[PDB]
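Engineer: First the structure, which I've put down as structure tokens, then a few questions once you've had a look.
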Amino acid sequence: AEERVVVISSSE
Amino acid sequence: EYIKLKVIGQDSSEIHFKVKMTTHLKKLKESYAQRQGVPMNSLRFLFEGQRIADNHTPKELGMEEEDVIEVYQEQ
């Protein structure tokens, strides 16, 4: 598996 | 400030999340469940063995860069 980085936005 | 958290799954796979220190971790839980293709409520998310609440922030839990979250099946 490759590296997976998810950016979580600040809007909720 | 953002930090990168490592989420370790039941099968030892990893997804990392860049999360703002003030973001409620509900958002990470939703994203992880979406990417695993399972309902968010089938999972429990633990930091140092303690359950992460929807409205916990990384700041409240004292999380730091490269801290680990573990995902288990809900009991």
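Chain B residue numbers are taken from Swiss-Prot; in order, the displayed residues are 20-94.
Per the header of the entry, the method used was X-ray crystallography, 1.6 Å.
Including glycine, each Cβ sits where the backbone N, Cα and C put it.
Features from Swiss-Prot:
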type	residues	note
CROSSLNK	B:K23	SUMO2 cross-link
CROSSLNK	B:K25	SUMO1 cross-link
MOD_RES	B:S32	phosphoserine
SITE	B:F36	site 'Interaction with PIAS2'
CROSSLNK	B:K37	SUMO2 cross-link
REGION	B:37-40	region '(Microbial infection) Interaction with Tula hantavirus'
CROSSLNK	B:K39	SUMO2 cross-link
CROSSLNK	B:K45	SUMO2 cross-link
CROSSLNK	B:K46	SUMO2 cross-link
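What's the neighbourhood like for each of these?
Structural biologist: Within 10 Å of the C-beta of B:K23 (SUMO2 cross-link) there are 15 other C-beta atoms, taking all protein chains into account.
B:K25 (SUMO1 cross-link) falls within a strand when secondary structure is assigned with DSSP. Counting every protein chain shown, 14 other Cβ atoms lie within 10 Å of the Cβ of B:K25 (SUMO1 cross-link).
Look at B:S32 (phosphoserine): DSSP puts it in coil. The Cβ neighbour count for B:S32 (phosphoserine), using a 10 Å radius over every protein chain in view, is 12.
Sequence-distant neighbours of B:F36 (site 'Interaction with PIAS2') (same chain, 6+ apart, CB under 8 A from its CB) are B:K23, B:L24, B:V26, B:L47, B:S50, B:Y51.
With a cut-off of 8 Å between CB atoms and residues at least 6 apart in sequence, the same chain places B:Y21, B:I22, B:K23 near B:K37 (SUMO2 cross-link), listed in sequence order.
Within the region '(Microbial infection) Interaction with Tula hantavirus' (B:37-40), the DSSP-based counts of helix, strand and coil residues read 0 helix, 3 strand, 1 coil.
Around B:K39 (SUMO2 cross-link), taking its Cβ as the centre, 17 other Cβ atoms fall within 10 Å, counting all chains.
Around the Cβ of B:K45 (SUMO2 cross-link), the same chain contributes B:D73, B:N74, each under 8 angstroms and 6 or more positions distant in sequence. Classification of B:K45 (SUMO2 cross-link) by DSSP places it within a helix.
The Cβ neighbour count for B:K46 (SUMO2 cross-link), using a 10 Å radius and every protein chain shown, is 18.
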Engineer: What does the structure give for the C-alpha distance between B:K39 (SUMO2 cross-link) and B:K46 (SUMO2 cross-link)? Integer Å is fine.
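Structural biologist: Checking the Cα atoms of B:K39 (SUMO2 cross-link) and B:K46 (SUMO2 cross-link) gives a distance of 11 Å.
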